[PDB]
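Colleague: Pasting in a structure now, in structure tokens, and then I'll have a few things to ask.
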Protein chains: 4
Amino acid sequence: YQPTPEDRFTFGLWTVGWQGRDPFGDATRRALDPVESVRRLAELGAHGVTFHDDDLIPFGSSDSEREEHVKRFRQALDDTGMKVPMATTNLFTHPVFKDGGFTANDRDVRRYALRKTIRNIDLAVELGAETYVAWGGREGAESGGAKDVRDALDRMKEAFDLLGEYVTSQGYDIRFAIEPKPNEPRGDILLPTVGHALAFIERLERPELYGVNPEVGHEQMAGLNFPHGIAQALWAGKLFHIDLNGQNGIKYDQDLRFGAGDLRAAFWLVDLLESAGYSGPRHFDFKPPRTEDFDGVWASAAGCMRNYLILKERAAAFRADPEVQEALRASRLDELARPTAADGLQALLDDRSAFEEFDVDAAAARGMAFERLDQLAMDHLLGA
Amino acid sequence: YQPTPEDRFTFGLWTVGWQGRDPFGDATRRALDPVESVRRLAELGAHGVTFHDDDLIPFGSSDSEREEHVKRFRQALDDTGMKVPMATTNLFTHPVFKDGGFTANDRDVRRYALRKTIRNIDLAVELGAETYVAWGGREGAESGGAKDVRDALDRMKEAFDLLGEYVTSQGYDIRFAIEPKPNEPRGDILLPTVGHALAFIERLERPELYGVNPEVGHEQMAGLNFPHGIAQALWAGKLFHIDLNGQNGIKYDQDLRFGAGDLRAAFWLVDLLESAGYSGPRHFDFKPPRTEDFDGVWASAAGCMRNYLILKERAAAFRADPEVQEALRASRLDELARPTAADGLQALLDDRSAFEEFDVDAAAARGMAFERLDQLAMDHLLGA
Amino acid sequence: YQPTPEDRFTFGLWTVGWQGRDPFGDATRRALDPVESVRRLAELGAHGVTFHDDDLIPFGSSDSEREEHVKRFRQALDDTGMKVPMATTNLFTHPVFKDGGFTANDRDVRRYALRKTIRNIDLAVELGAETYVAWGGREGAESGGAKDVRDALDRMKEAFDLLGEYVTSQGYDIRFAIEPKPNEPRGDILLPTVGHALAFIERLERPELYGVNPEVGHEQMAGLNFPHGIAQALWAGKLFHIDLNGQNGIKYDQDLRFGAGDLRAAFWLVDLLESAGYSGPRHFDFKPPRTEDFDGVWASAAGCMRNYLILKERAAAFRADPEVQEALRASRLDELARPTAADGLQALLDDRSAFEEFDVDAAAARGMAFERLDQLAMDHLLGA
Amino acid sequence: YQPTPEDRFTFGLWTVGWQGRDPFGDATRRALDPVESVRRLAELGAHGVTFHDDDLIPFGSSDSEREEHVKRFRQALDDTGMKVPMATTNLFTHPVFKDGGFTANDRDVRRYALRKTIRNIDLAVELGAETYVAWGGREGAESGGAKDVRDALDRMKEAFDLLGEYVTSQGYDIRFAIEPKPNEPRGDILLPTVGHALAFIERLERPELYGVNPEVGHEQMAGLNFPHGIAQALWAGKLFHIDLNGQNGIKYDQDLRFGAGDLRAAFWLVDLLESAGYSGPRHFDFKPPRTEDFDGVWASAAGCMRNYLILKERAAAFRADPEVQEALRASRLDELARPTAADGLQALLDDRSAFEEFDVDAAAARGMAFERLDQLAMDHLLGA
Ligand SMILES: [Mg+2]
Ligand SMILES: [Mg+2]
Ligand SMILES: [Mg+2]
Ligand SMILES: [Mg+2]
Ligand SMILES: [Mg+2]
Ligand SMILES: [Mg+2]
Ligand SMILES: [Mg+2]
Ligand SMILES: [Mg+2]
């Protein structure tokens with residue numbers, strides 16, 4: 001189970017670089033030079049790295065320091081063969097963003113947020129990124145009166161429309177992906193799930209430029225089925241990117257390594273991604289637990305990729321097993337894929353076998369055989 | 001706080017008519033004749049009632065018994081002045097629907113589900129209903145392999161498209177509203193939240209015919225902010241109907257009377273509905289607890305309407321209070337409603353006050369004054 | 001992975017016998033004769049069965065019908081070699097228990113509940129049961145004023161004390177196990193977790209007669225770590241019995257087959273039970289999904305036992321792996337098992353290496369190596 | 001609704017002093033001098049303040065700086081009349097505690113944790129504290145193999161037993177209160193609820209010295225009923241202290257001001273505390289949202305006390321209302337407080353009215369009238 005760059009595994013600088021500061025504790029690890037992270041990730045078999053602007057260029061850096069930082073970073077990419085497929089903006093750490101970026105109540109902050117984002121889109125394009133992610137972590141509220149959500153959605157649409165006008169006018173070949181999260185650090189965050197993000201995109205002026213970047217743990221913080229949500233995103237043609245990690249239920253955002261948390265959900269996710277032919281990066285947005293030293297950081301990163309590859313093998317074996325293929329037919333998955341009424345509305349209305357002479361009791365007695373199918377899935381996952 | 005029919009309060013037959021059967025217990029109340037429910041609800045001050053087909057006409061009824069049941073029902077409506085603004089299909093109780101209706105794996109069941117629905121659309125139109133609700137309670141899965149969600153969404157789109165073709169071809173003036181629920185009775189239900197439903201509607205052939213019927217408790221079963229979700233539905237122009245009740249957190253669907261459960265969420269909901277000018281029915285989908293006899297059923301129903309009217313008064317007092325209006329300006333809710341960049345993209349790019357010469361530290365130091373605003377909201381809710 | 005009676009697997013009559021009635025649907029399966037369930041479970045490799053009084057003898061049965069039902073049941077046990085290690089009372093289905101049994105507000109109901117329980121203790125002892133389980137499913141409330149919880153705990157203590165006096169006075173060799181559940185069917189249930197049950201037991205007059213019967217899914221309905229709770233129960237010497245099933249997060253009680261739901265929690269549970277030498281029954285309290293016919297019921301039951309046996313093998317391989325044993329020492333699990341201060345209080349106070357000259361920065365820099373240990377656990381679970 | 005010191009309101013230094021650092025953002029407020037917090041809280045009407053050792057004396061302070069800091073603090077207490085009823089240890093912020101204090105795998109860390117705690121017990125006693133709180137925020141795990149929970153409970157018992165030996169040997173009049181939390185910052189925290197803490201205390205060598213310090217938001221992070229848990233703690237005689245705040249459901253620990261979050265749970269909590277005659281401090285462990293400047297900090301603190309006093313008035317009016325008293329009798333709360341069988345076991349067995357001639361159908365038909373009682377409670381809370 002050794003990763004190759006053709007497995008398309010990517011990591012954020014802020015993942016292995018997380019120093020371990022949490023709401024109740026100081027950092028347990030020293031800062032990582034982005035250049036060292038690139039080289040260590042390259043040796044593990046990753047395909048590339050992603051960044052927030054403030055990960056690479058500390059806030060307030062002079063334009064000269066900014067150019068020096070980018071040059072060192074570019075040299076590390078050249079030295080390693082690593083790519084930068086995705087970038088994002090930090091609109092959440094600095095105190096100015098305490099009430100949001102694109103939907104801050106203060107108009108001057110919203111303008112500043114847009115200019116900060118546009119500056120990093122230029123840099124992302126320069127470094128070859130194909131997707132630009134927006135996680136509106138501070139867009140939301142702790143109390144009901146603080147945010148008129150209709151006005152806030154107007155402002156969010158205005159911001160994304162302006163960003164689309166910018167990339168269109170510059171001729172950039174980059175697309176946007178909205179990353180939903182239900183809560184944390186705000187009490188409730190706007191566009192809290194994949195569904196809300198997908199719905200919002202359809203109201204943008206140029207919807208074809210926007211998709212979603214769902215994260216395993218975020219949908220699970222709402223108790224939702226992550227593979228189901230990914231299926232809906234794929235169905236809509238909007239899965240532009242994906243963030244892989246682990247989460248144990250409805251609680252704070254754990255960002256465990258992928259494979260940890262809900263293991264069977266991870267199996268069904270990989271099954272779906274591989275069956276659907278998802279060709280984007282397999283990006284890990286995880287945090288090595290602050291119990292770990294730097295050797296544990298690399299072991300945790302390695303485990304992300306290993307667990308994906310193990311699950312990929314087991315899901316492939318599941319789908320290729322002739323007894324599973326017969327069980328799928330026994331459960332009528334083949335019939336689910338057939339149109340209900342390709343014969344059309346009036347033929348359905350005239351079809352006495354669909355109502356007047358339909359034997360409901362015979363249909364009701366047919367078992368779905370789902371439990372046998374699921375135990376075959378369990379046996380394959382466990383190698384049993 | 002006495003309701004009038006002009007308050008637009010409606011109840012489902014299945015609400016006050018719930019006999020109290022739960023997964024662990026027998027019924028504690030006798031069946032209610034729909035005619036008696038209409039008259040008792042009329043005396044409480046309700047504006048109308050809603051029904052599933054199987055609430056009014058027991059499953060398997062002959063066409064003659066069906067006509068007799070409708071006639072008795074129509075006479076009760078005429079006797080009381082009660083209206084029927086909404087109707088729905090029961091595609092969840094009968095065993096034939098154990099794997100769903102519109103997305104059952106068995107094709108013959110899906111055809112039967114559509115014919116059962118179409119028959120009740122005709123009846124709903126006959127009785128004057130303006131909205132037809134679809135709650136896909138059995139559409140979903142308990143295990144990963146049982147349902148290919150992309151194929152299931154294809155089937156769900158096919159079913160709703162066929163329904164839209166039906167109403168269009170018949171010239172009916174009725175619209176559809178999808179009611180999301182995250183889980184129960186299926187392990188995960190398709191279109192689990194308002195967001196997922198809104199996103200799905202945009203892929204239908206005639207999206208203007210479809211909106212959402214969100215329910216307080218259902219979004220709270222995902223830990224989501226119900227007023228936020230309603231705001232997004234209103235923002236999209238898709239709030240066709242609404243189901244009011246109470247829910248205490250992430251657990252089984254409690255269907256408590258409205259006002260119970262999360263009281264402050266109920267206050268912010270009423271504030272939003274009244275401020276936005278929502279003109280649809282205020283529908284209660286609640287269950288009188290099975291601890292109650294029939295006098296408790298009517299007390300619980302009365303409390304639904306009373307709590308709405310109390311909250312309506314308190315929210316109106318909140319918005320009209322001059323000290324609240326000044327606090328809203330102190331928190332810059334006025335600035336949230338102003339466009340970020342009506343001056344346009346290039347002016348924003350050339351605006352040095354938006355980035356180069358923006359004083360981030362002065363902006364960051366400005367308190368949002370949200371806690372004072374929220375305590376004014378608390379004082380008004382409590383009459384303090 | 002074939003079960004033998006020496007694996008101590010047991011099932012409730014109400015598990016494979018569940019007809020599939022849920023809050024929104026009719027039964028999908030016919031009733032099972034308890035005699036047929038005993039024989040089918042015996043053929044699958046189970047060691048025994050458990051029952052509620054009302055599973056075996058329908059409510060209201062004459063004393064003659066009761067004797068006939070027990071005799072048929074006893075003959076099936078004799079024919080199959082099946083044992084009855086546990087029994088319980090149904091104090092939740094009949095409408096008289098709508099506000100509880102032992103803590104119903106009505107005093108006459110509480111007396112009736114106790115007499116119904118005592119009658120079944122006599123039967124359980126006659127059939128050889130060693131543990132008597134109490135699940136107070138109706139003890140609780142939907143609203144705050146309905147139940148004074150201090151008075152209700154007084155009544156619950158009174159009931160269990162009377163039961164202990166009964167078994168002591170009759171010389172029975174049976175013990176009691178309280179089964180906690182946080183909610184459903186009541187809005188909140190008294191003694192909602194393993195912890196609350198353990199704490200309550202210490203206030204009973206004869207605490208040695210009472211322990212807990214924790215259920216996987218119930219603790220997970222509170223988002224708790226089930227292996228952690230079992231460890232505390234074992235630590236207290238109170239794990240008298242255990243209910244195994246699966247649950248996907250905080251939602252309604254799913255009662256999925258064991259192994260489904262949180263797979264890694266199931267692995268750590270089996271690891272703990274086998275390492276601690278738990279010698280009680282491995283009881284499955286699960287519901288075959290109502291999608292299933294009777295062949296699916298037996299496949300689901302078989303999968304309970306299969307998944308336990310697979311996990312038992314993998315946990316044993318984990319603990320026996322020399323690289324895991326070295327990793328445990330690397331993470332200082334050996335030091336966790338050593339006393340902090342067997343040298344005593346005053347020696348600790350005089351130990352300058354414990355404070356004055358303790359190098360906190362050297363200690364803080366030591367990685368815990370937990371992520372490498374957890375990936376070894378993952379590899380072993382998956383057979384990788 | 002103006003607080004007086006006789007209302008016994010207390011605040012932690014770390015509450016109004018929270019600078020607003022969260023997992024995703026920098027501090028939004030400057031540090032508060034503890035002396036200024038004491039004076040500002042005194043002017044709001046608080047009775048006293050609480051502290052962690054590291055709040056008052058920064059980690060690593062020389063013994064001379066420590067004496068200067070305590071003297072300045074003592075002078076502020078003398079100047080204001082403020083008391084220090086409770087103190088606690090910070091065993092969670094410094095990196096050395098990354099795997100816990102009392103249950104760290106490393107033995108030398110556990111010894112250091114005990115010495116750090118003992119040093120602050122001496123200081124707490126010097127300043128007049130009656131309760132010493134232990135919140136084991138780092139005791140727990142993110143993965144299953146990292147912590148043997150039985151060994152960890154052995155170590156936790158060893159630590160608390162040693163602390164009890166210390167206070168007994170020094171003749172101190174101080175008691176201990178364990179503060180449970182289910183998760184955050186560890187993936188799962190040991191003793192996650194009030195129940196688990198109560199159960200653990202009964203295994204300590206001197207259980208009379210230990211009780212619980214439950215926090216509103218912590219029990220709600222497990223979806224539990226906080227008033228129910230407080231009732232069980234009072235029933236056990238173990239409510240030594242209480243932490244008041246607000247929380248919106250199962251998510252990260254919000255620490256909202258008291259009254260926010262679940263408003264009706266706050267009403268039933270105050271009802272219980274006042275009816276039971278709880279005489280301990282009313283302590284607020286809350287965080288002013290980081291959106292706020294220092295004027296918002298004091299408004300949030302003021303709102304804690306105001307909301308308690310409003311709810312106290314409404315609960316008192318509820319219990320004193322003659323129509324509520326009659327409704328309580330209608331719901332048989334009076335019968336709940338009467339013994340089930342003060343006549344004894346054998347009389348219950350001989351009582352034919354308790355079983356043989358009990359009319360279950362008449363009993364089952366009696367409504368509990370809980371919904372009318374709850375709407376009276378709602379009307380009183382809202383002043384309607
Ligand atoms: Mg995350
Ligand atoms: Mg992410
Ligand atoms: Mg509902
Ligand atoms: Mg509804
Ligand atoms: Mg269960
Ligand atoms: Mg059970
Ligand atoms: Mg807290
Ligand atoms: Mg606290």
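Order determines the names: the first chain of the structure tokens is A, the second B, and so forth; residues in each chain are numbered 1 upward, and ligands are numbered 1 upward as they are shown.
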Using only C-alpha atoms, which protein or nucleic acid residues come within 7 Å of residue 192 in chain A? Drop anything in the same chain fewer than 2 positions from it, and give the result as an mmCIF file with C-alpha atoms, in the first residue's frame.
Modeller:
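Ended up saving to around.cif:
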data_model
loop_
_atom_site.group_PDB
_atom_site.id
_atom_site.type_symbol
_atom_site.label_atom_id
_atom_site.label_comp_id
_atom_site.auth_asym_id
_atom_site.auth_seq_id
_atom_site.Cartn_x
_atom_site.Cartn_y
_atom_site.Cartn_z
ATOM 1 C CA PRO A 180 -19.465 23.958 3.980
ATOM 2 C CA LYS A 181 -19.273 23.522 7.744
ATOM 3 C CA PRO A 182 -22.290 23.579 10.102
ATOM 4 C CA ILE A 189 -22.125 28.991 10.024
ATOM 5 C CA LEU A 190 -23.870 30.085 6.838
ATOM 6 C CA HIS A 196 -27.071 24.482 1.306
#
Colleague: Can you list, as a PyMOL selection string, all residues belonging to range 106-289 of chain D that DSSP tags as alpha helix (DSSP H)?
Modeller: chain D and resi 107-126+149-170+194-201+216-220+226-235+263-275
Colleague: So that each row is one residue of chain A with an atom at most 9 Å from chain D, can you give its shortest atom pair and the distance in Å to one decimal, using only C-alpha atoms, rows by chain and rising number, as CSV?
Modeller:
residue,atom,partner,partner_atom,distance
A:21,CA,D:23,CA,6.9
A:22,CA,D:23,CA,5.1
A:23,CA,D:22,CA,5.1
A:24,CA,D:93,CA,5.6
A:25,CA,D:93,CA,3.8
A:26,CA,D:93,CA,5.8
A:27,CA,D:95,CA,6.8
A:28,CA,D:95,CA,5.4
A:92,CA,D:25,CA,6.2
A:93,CA,D:25,CA,3.8
A:94,CA,D:26,CA,6.0
A:95,CA,D:28,CA,5.4
A:96,CA,D:28,CA,8.5
A:97,CA,D:25,CA,8.9
A:98,CA,D:291,CA,5.7
A:99,CA,D:291,CA,6.3
A:137,CA,D:24,CA,8.4
A:142,CA,D:289,CA,7.9
A:143,CA,D:260,CA,8.6
A:183,CA,D:251,CA,7.7
A:184,CA,D:252,CA,6.9
A:185,CA,D:24,CA,6.8
A:187,CA,D:254,CA,7.4
A:221,CA,D:251,CA,7.6
A:248,CA,D:187,CA,7.9
A:250,CA,D:251,CA,6.4
A:251,CA,D:251,CA,4.6
A:252,CA,D:252,CA,4.5
A:253,CA,D:252,CA,7.9
A:254,CA,D:187,CA,7.4
A:256,CA,D:142,CA,8.6
A:260,CA,D:143,CA,8.6
A:289,CA,D:142,CA,7.9
A:290,CA,D:98,CA,7.0
A:291,CA,D:98,CA,5.7
Colleague: Generate a file of the selected residues that holds C-alpha atoms, formatted as a PDB file, in the first residue's frame.
Modeller:
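Dumped everything to result-v4.pdb:
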ATOM      1  CA  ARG A  21      -2.858  25.016  19.789  1.00  0.00           C
ATOM      2  CA  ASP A  22      -6.444  24.183  20.750  1.00  0.00           C
ATOM      3  CA  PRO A  23      -9.029  26.246  22.734  1.00  0.00           C
ATOM      4  CA  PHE A  24      -7.565  24.984  26.025  1.00  0.00           C
ATOM      5  CA  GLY A  25      -3.837  24.600  25.376  1.00  0.00           C
ATOM      6  CA  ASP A  26      -0.587  26.001  24.044  1.00  0.00           C
ATOM      7  CA  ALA A  27       1.279  24.692  21.021  1.00  0.00           C
ATOM      8  CA  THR A  28       3.060  21.365  21.502  1.00  0.00           C
ATOM      9  CA  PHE A  92     -10.836  33.701   9.768  1.00  0.00           C
ATOM     10  CA  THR A  93      -7.682  34.041  11.888  1.00  0.00           C
ATOM     11  CA  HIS A  94      -7.095  37.788  12.077  1.00  0.00           C
ATOM     12  CA  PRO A  95      -9.318  39.674  14.569  1.00  0.00           C
ATOM     13  CA  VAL A  96     -10.633  41.937  11.786  1.00  0.00           C
ATOM     14  CA  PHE A  97     -12.607  38.906  10.549  1.00  0.00           C
ATOM     15  CA  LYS A  98     -14.241  38.244  13.913  1.00  0.00           C
ATOM     16  CA  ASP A  99     -17.733  38.779  12.402  1.00  0.00           C
ATOM     17  CA  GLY A 137     -15.523  29.895   8.767  1.00  0.00           C
ATOM     18  CA  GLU A 142     -23.907  33.188  17.905  1.00  0.00           C
ATOM     19  CA  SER A 143     -27.207  35.038  18.410  1.00  0.00           C
ATOM     20  CA  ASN A 183     -20.656  25.253  13.101  1.00  0.00           C
ATOM     21  CA  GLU A 184     -17.319  26.078  14.782  1.00  0.00           C
ATOM     22  CA  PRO A 185     -15.898  28.657  15.239  1.00  0.00           C
ATOM     23  CA  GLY A 187     -22.284  29.197  16.696  1.00  0.00           C
ATOM     24  CA  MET A 221     -20.836  17.238  12.590  1.00  0.00           C
ATOM     25  CA  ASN A 248     -16.186  10.597  15.676  1.00  0.00           C
ATOM     26  CA  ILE A 250     -21.423  15.112  16.455  1.00  0.00           C
ATOM     27  CA  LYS A 251     -18.865  17.121  18.447  1.00  0.00           C
ATOM     28  CA  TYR A 252     -16.112  19.661  17.815  1.00  0.00           C
ATOM     29  CA  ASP A 253     -14.262  19.384  14.484  1.00  0.00           C
ATOM     30  CA  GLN A 254     -11.660  16.687  15.211  1.00  0.00           C
ATOM     31  CA  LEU A 256      -8.560  13.073  12.569  1.00  0.00           C
ATOM     32  CA  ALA A 260     -10.153   7.171  11.677  1.00  0.00           C
ATOM     33  CA  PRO A 289      -3.115  15.139  17.384  1.00  0.00           C
ATOM     34  CA  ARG A 290      -1.184  17.471  19.632  1.00  0.00           C
ATOM     35  CA  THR A 291      -0.026  14.425  21.639  1.00  0.00           C
TER      36      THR A 291
END
Colleague: Env of residue 157 in chain A: 9 Å cut, atoms = only C-alpha atoms, seq-sep filter 3 positions within chain, self excluded. Answer as an MDAnalysis selection string.
Modeller: chainID A and resid 152:154 160:162 200:201 203:205
Colleague: Residues of the last selection are to be written out with C-alpha atoms, as an mmCIF file, in the first residue's frame.
Modeller:
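The resulting file, result23.cif, is shown below:
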data_model
loop_
_atom_site.group_PDB
_atom_site.id
_atom_site.type_symbol
_atom_site.label_atom_id
_atom_site.label_comp_id
_atom_site.auth_asym_id
_atom_site.auth_seq_id
_atom_site.Cartn_x
_atom_site.Cartn_y
_atom_site.Cartn_z
ATOM 1 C CA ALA A 152 -25.973 38.070 4.529
ATOM 2 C CA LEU A 153 -26.798 35.781 1.606
ATOM 3 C CA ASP A 154 -27.129 38.886 -0.580
ATOM 4 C CA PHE A 160 -18.776 35.409 -5.145
ATOM 5 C CA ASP A 161 -20.241 37.153 -8.198
ATOM 6 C CA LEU A 162 -17.463 39.753 -8.000
ATOM 7 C CA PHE A 200 -26.689 28.755 -3.095
ATOM 8 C CA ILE A 201 -24.481 28.175 -6.178
ATOM 9 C CA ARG A 203 -28.325 31.633 -7.528
ATOM 10 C CA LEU A 204 -24.902 32.938 -8.589
ATOM 11 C CA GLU A 205 -24.597 34.824 -11.872
#
Colleague: Got a sec: who's within 9 Å of range 120-132 of chain C, counting only C-alpha atoms, leaving out chain neighbours fewer than 3 positions off, as a count of residues only?
Modeller: 26
Colleague: Residues at most 7 Å from range 365-371 of chain D, counting only C-alpha atoms, excluding those fewer than 6 positions away in the same chain, as a PyMOL selection string?
Modeller: (chain B and resi 291-293+296+299-300) or (chain C and resi 146) or (chain D and resi 330-331)
Colleague: For the selection just defined, write its residues with N, CA, C and O atoms to a file, as an mmCIF file, in the first residue's frame.
Modeller:
data_model
loop_
_atom_site.group_PDB
_atom_site.id
_atom_site.type_symbol
_atom_site.label_atom_id
_atom_site.label_comp_id
_atom_site.auth_asym_id
_atom_site.auth_seq_id
_atom_site.Cartn_x
_atom_site.Cartn_y
_atom_site.Cartn_z
ATOM 1 N N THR B 291 -49.175 10.333 26.707
ATOM 2 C CA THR B 291 -49.639 10.468 28.088
ATOM 3 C C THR B 291 -51.013 11.114 28.180
ATOM 4 O O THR B 291 -51.643 11.060 29.248
ATOM 5 N N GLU B 292 -51.499 11.713 27.102
ATOM 6 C CA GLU B 292 -52.655 12.590 27.197
ATOM 7 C C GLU B 292 -53.940 11.872 26.794
ATOM 8 O O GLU B 292 -53.936 10.993 25.928
ATOM 9 N N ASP B 293 -55.044 12.261 27.434
ATOM 10 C CA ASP B 293 -56.363 11.842 26.979
ATOM 11 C C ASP B 293 -56.869 12.855 25.951
ATOM 12 O O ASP B 293 -56.130 13.731 25.500
ATOM 13 N N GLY B 296 -56.424 16.499 26.821
ATOM 14 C CA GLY B 296 -55.049 16.932 26.642
ATOM 15 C C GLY B 296 -54.680 17.152 25.192
ATOM 16 O O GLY B 296 -53.849 18.014 24.889
ATOM 17 N N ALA B 299 -55.889 20.606 24.473
ATOM 18 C CA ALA B 299 -55.055 21.588 25.150
ATOM 19 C C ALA B 299 -53.722 21.751 24.430
ATOM 20 O O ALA B 299 -53.227 22.874 24.269
ATOM 21 N N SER B 300 -53.140 20.639 23.968
ATOM 22 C CA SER B 300 -51.883 20.706 23.222
ATOM 23 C C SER B 300 -52.062 21.451 21.901
ATOM 24 O O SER B 300 -51.217 22.273 21.514
ATOM 25 N N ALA C 146 -43.768 17.642 34.714
ATOM 26 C CA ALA C 146 -44.495 16.380 34.791
ATOM 27 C C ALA C 146 -43.880 15.400 35.781
ATOM 28 O O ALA C 146 -44.567 14.476 36.234
ATOM 29 N N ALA D 330 -53.730 17.512 39.519
ATOM 30 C CA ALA D 330 -54.390 16.853 38.398
ATOM 31 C C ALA D 330 -53.464 15.866 37.695
ATOM 32 O O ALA D 330 -53.925 14.835 37.200
ATOM 33 N N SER D 331 -52.166 16.165 37.646
ATOM 34 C CA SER D 331 -51.165 15.291 37.040
ATOM 35 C C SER D 331 -50.559 14.307 38.032
ATOM 36 O O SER D 331 -49.640 13.566 37.666
#
